[PDB]
Amino acid sequence: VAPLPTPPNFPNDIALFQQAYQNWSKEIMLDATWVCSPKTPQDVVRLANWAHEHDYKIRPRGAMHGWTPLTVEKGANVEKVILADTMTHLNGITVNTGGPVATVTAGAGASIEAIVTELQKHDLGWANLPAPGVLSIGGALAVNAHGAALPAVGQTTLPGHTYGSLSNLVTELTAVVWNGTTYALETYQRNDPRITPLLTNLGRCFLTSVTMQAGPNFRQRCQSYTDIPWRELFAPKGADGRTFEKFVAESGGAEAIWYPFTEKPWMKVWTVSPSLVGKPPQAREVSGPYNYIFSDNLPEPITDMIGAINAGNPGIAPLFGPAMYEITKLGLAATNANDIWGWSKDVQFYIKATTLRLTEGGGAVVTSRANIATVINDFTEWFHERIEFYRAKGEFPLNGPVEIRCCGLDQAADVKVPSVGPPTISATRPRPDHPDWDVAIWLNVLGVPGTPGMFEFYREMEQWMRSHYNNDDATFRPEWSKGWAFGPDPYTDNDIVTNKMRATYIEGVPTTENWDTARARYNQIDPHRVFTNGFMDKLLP
Ligand SMILES: *Cc1cc2c(cc1C)nc1c(=O)[nH]c(=O)nc-1n2C[C@H](O)[C@H](O)[C@H](O)COP(=O)(O)OP(=O)(O)OC[C@H]1O[C@@H](n2cnc3c(N)ncnc32)[C@H](O)[C@@H]1O
């Protein structure tokens with residue numbers, strides 16, 4: 001690969017390396033980018049000032065799992081961009097148990113698994129964890145990362161825990177900010193009006209460290225079911241049988257993975273226990289995360305199907321879905337993983353980077369908890385109709401599963417330190433005009449990158465969701481980390497990117513704390529737009 005132009009008078013003590021860039025899904029691949037690993041937060045400041053003086057941009061580089069082009073854009077000229085790998089050195093972790101609520105301070109490059117592993121050593125933990133522990137905390141906060149957790153009916157939220165996004169747990173953070181004449185480190189407390197836009201910032205701000213509250217750790221069971229027909233699981237409100245709503249009411253945490261052209265989803269249900277005290281007799285105790293080995297490692301017949309699909313055989317979809325379901329059903333049985341139990345992190349962390357690479361569509365439906373069944377029944381029935389509609393024309397734009405899970409919102413009551421409010425632009429931010437809306441229902445669809453017609457379908461779905469879930473009883477918000485603004489390619493519908501996202505985030509909230517308030521804060525902190533790229537300029541001018 002041709003060497004990139006040498007950056008002018010780059011700091012001599014900050015080593016620069018030319019490396020390729022590839023996000024997890026591999027949808028974003030650049031043969032060359034400049035990368036460095038700042039040893040301390042002050043080195044990021046030095047980078048920012050150097051970047052400003054030479055018209056270069058700086059992007060923090062976490063675990064590179066990002067689908068949304070917030071680091072680098074596909075095919076973009078990055079001759080004037082420096083990527084700052086934060087996981088090399090900015091990964092310190094310190095637990096603070098002296099105060100009103102326990103907290104943990106971590107460099108922005110520390111992985112969430114590393115953070116919660118340390119919390120576990122102090123009998124502490126987080127209630128709503130994202131599925132993969134490899135994510136950097138900086139990258140997780142940037143998109144209001146979350147899990148599939150909700151408290152069961154009657155279950156109280158323990159002091160320190162939140163069922164909203166990880167962004168709601170921040171008690172303080174430090175970022176590189178313009179002080180009027182130069183960039184410098186600045187720290188903000190949760191009771192500081194200037195902090196809310198920074199809690200979920202999409203990488204528009206460069207965080208060097210964060211402090212987050214933690215609640216007591218807890219034991220949790222995770223039961224899997226693959227014997228419930230989809231129409232029963234996703235039935236109308238009040239239906240009898242093994243319904244999604246009944247699982248959420250009884251256990252709180254739940255996630256369904258429904259493979260294309262299959263009869264029964266893989267349903268996971270998490271239940272908190274009331275040192276084996278509380279372990280269900282039938283459950284297998286685990287002492288580590290990632291207990292679904294069959295999903296993080298696929299056999300030849302399956303890898304061959306994936307290879308053939310990539311070679312231009314989308315018609316394999318009707319065989320691929322069932323094959324994935326069978327691997328799951330058989331794998332869960334063979335490894336005795338249908339009923340496991342252990343500490344929170346061990347049953348909530350279940351996705352390894354080795355899982356099949358997929359791209360996603362869909363989003364979040366913010367509404368009242370009593371509306372869960374209806375939202376899910378409507379979506380699944382619509383999806384079912386659409387996939388068959390295309391099959392009827394000999395088209396297979398969908399070869400990945402439908403994934404559905406709910407969690408809470410960034411409730412103010414969960415914050416145990418003085419606070420001015422929830423993250424300004426998190427999809428999990430409560431709606432003031434609708435106090436009864438207390439859950440976020442994540443409706444996602446996954447598919448193999450490059451599948452013909454897939455993005456056209458995601459656009460069709462995005463349009464249906466916006467029209468269907470924006471009413472007096474619910475609001476639709478794209479999941480920042482996934483695909484959205486499909487035009488048809490994700491992030492290319494100019495009207496959605498430059499007008500509708502703003503509209504979504506000014507709706508129902510004060511003019512003193514909305515999308516515009518956030519943009520203003522981001523620009524005040526970085527008036528020279530050092531922490532941006534082309535896409536960010538369209539989304540957050
Ligand atoms: C790959 C993947 C991701 C994923 C998932 C499963 C897989 C296989 N499961 C998720 C889950 O269960 N729940 C959830 O909410 N998200 C899940 N994701 C998506 C993941 O959260 C996002 O992709 C996340 O942003 C990725 O974090 P990562 O650590 O990989 O970071 P990155 O791609 O480099 O950058 C992502 C964004 O974060 C900003 N960023 C990164 N570091 C910082 C610092 N220091 N300061 C400010 N912003 C930061 C980047 O700019 C970018 O916008």
Side-chain angles (χ1 to χ4, degrees), residues 1-5 7 16-36 47-48 51-52 54-86 135-136 138-140 142-143 200-207 357-361 363 425 447 449-451 454-456 458-459 462 478-502 518-519 522-523 526 528-541:
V1 177
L4 293 173
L16 267 181
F17 308 83
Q18 181 177 308
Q19 313 182 323
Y21 182 90
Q22 184 180 69
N23 65 339
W24 181 74
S25 73
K26 296 184 182 181
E27 285 172 291
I28 296 180
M29 302 171 68
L30 284 68
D31 295 352
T33 63
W34 278 122
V35 184
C36 71
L47 284 173
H52 174 205
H54 301 81
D55 291 334
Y56 269 61
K57 303 303 179 190
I58 299 295
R59 310 302 305 121
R61 199 184 76 177
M64 299 165 274
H65 256 272
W67 280 279
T68 311
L70 297 169
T71 297
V72 291
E73 301 184 80
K74 173 180 180 177
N77 179 312
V78 296
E79 284 173 34
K80 291 191 177 179
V81 176
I82 305 300
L83 303 185
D85 185 336
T86 57
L135 311 180
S136 68
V143 300
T200 296
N201 61 48
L202 300 175
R204 177 73 188 79
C205 180
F206 199 125
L207 304 183
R357 314 282 177 144
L358 301 170
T359 188
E360 320 189 8
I425 62 170
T451 300
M454 177 178 60
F455 286 155
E456 284 288 330
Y458 286 0
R459 172 166 60 183
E462 180 168 38
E479 182 165 19
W480 288 126
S481 67
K482 313 300 175 61
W484 38 271
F486 293 92
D489 296 335
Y491 322 117
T492 65
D493 183 299
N494 194 71
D495 184 66
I496 290 177
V497 177
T498 68
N499 295 304
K500 298 301 177 293
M501 295 307 287
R502 166 172 182 279
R519 291 160 55 197
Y522 298 147
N523 293 340
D526 176 31
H528 304 120
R529 305 189 71 78
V530 166
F531 306 128
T532 66
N533 67 20
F535 178 62
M536 186 87 81
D537 287 346
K538 296 188 177 184
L539 182 70
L540 297 165

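Quick note: numbers below take in every heavy atom, side chains included, and nothing from hydrogens, waters or symmetry partners. Residues: numbered from 1 along the sequence shown.
The side-chain heavy atoms of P541 and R519, taken from C-beta on, include a pair separated by under 4.5 Å. You'll find the side chain of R59 reaches within 4.5 Å of the side chain of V81, heavy atoms only. When side chains are defined from C-beta on, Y522 does not count as touching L202, because their heavy atoms never get closer than 4.5 Å. Two residues are said to be in side-chain contact when any heavy atoms from C-beta on lie closer than 4.5 Å; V143 and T68 fail this criterion. Contact of the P490 side chain with the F455 side chain is registered, since non-hydrogen atoms from C-beta on lie closer than 4.5 Å. Considering only heavy atoms from C-beta on, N533 stays 4.5 Å or farther from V78 through its side chain. Here the side chains of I28 and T71 are not in contact, with every heavy-atom distance at 4.5 Å or above.
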Full working for side chain to side chain contact (heavy atoms under 4.5 Å, CB included) between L16 and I82: CA-CA 9 Å; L16 267 181; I82 305 300; 4.3 Å; yes
Please evaluate residues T86 and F206 with respect to the criterion side chain to side chain contact (heavy atoms under 4.5 Å, CB included), reporting the C-alpha separation (whole Å), side-chain torsions for both, the decisive distance (0.1 Å), and the verdict. CA-CA 10 Å; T86 57; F206 199 125; 3.8 Å; yes
Audit row: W24, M64, side chain to side chain contact (heavy atoms under 4.5 Å, CB included) steps and yes/no: CA-CA 6 Å; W24 181 74; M64 299 165 274; over 6 Å; no
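Counting all heavy atoms, side chain and backbone alike, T200 lies closest to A142 at CG2-O, 3.5 Å. Scanning all heavy atoms of the two residues, the minimum distance from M454 to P449 falls at CE-CA, 4.1 Å. Between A48 and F531, the shortest heavy-atom contact is CB-CZ, 4.0 Å. Residues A76 and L30 approach most closely at O-CD2, 4.2 Å, considering heavy atoms. Residues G447 and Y458 come closest through the heavy atom pair N-OH, 3.2 Å.
From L70, atom CG reaches atom CE of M536 across 5.0 Å, with rounding to the nearest 0.5 Å. Atom SG in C36 sits 6.5 Å away from atom CD1 in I58 (nearest 0.5 Å). The distance from the CG atom of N77 to the CG atom of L4 is 9.0 Å, given to the nearest 0.5 Å. Taking OG1 of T492 as the start and CZ of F486 as the end, the distance is 9.0 Å to the nearest 0.5 Å. Once rounded to the nearest 0.5 Å, the distance linking OG of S136 with CZ of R61 reads 11.0 Å. Separating the CG atom in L358 from the CH2 atom in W67 is a distance of 8.0 Å, to the nearest 0.5 Å.
The closest side-chain donor-acceptor pair between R204 and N523 falls under 3.5 angstrom.
Ionic pairing of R459 and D493 is not present here: no N-O contact between side-chain nitrogen and carboxylate oxygen is shorter than 4.0 angstrom.
Between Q18 and the choices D31, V1, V35, the side chain to side chain contact (heavy atoms under 4.5 Å, CB included) rule is met once, by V1.
Using a distance-only test at 3.5 Å, with no hydrogens or angles considered, a donor-acceptor pair links the side chain of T33 to the main chain of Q19. Counting only distance, with no hydrogens or angles, the side chain of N23 and the backbone of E27 share a donor-acceptor pair below 3.5 Å. No donor-acceptor pair under 3.5 Å is formed between the side chain of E462 and the backbone N or O of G361.
The ring pair (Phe, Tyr, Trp, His ring centres under 6.0 Å) test applied to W484 returns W480, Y491, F535, not counting sequence neighbours.
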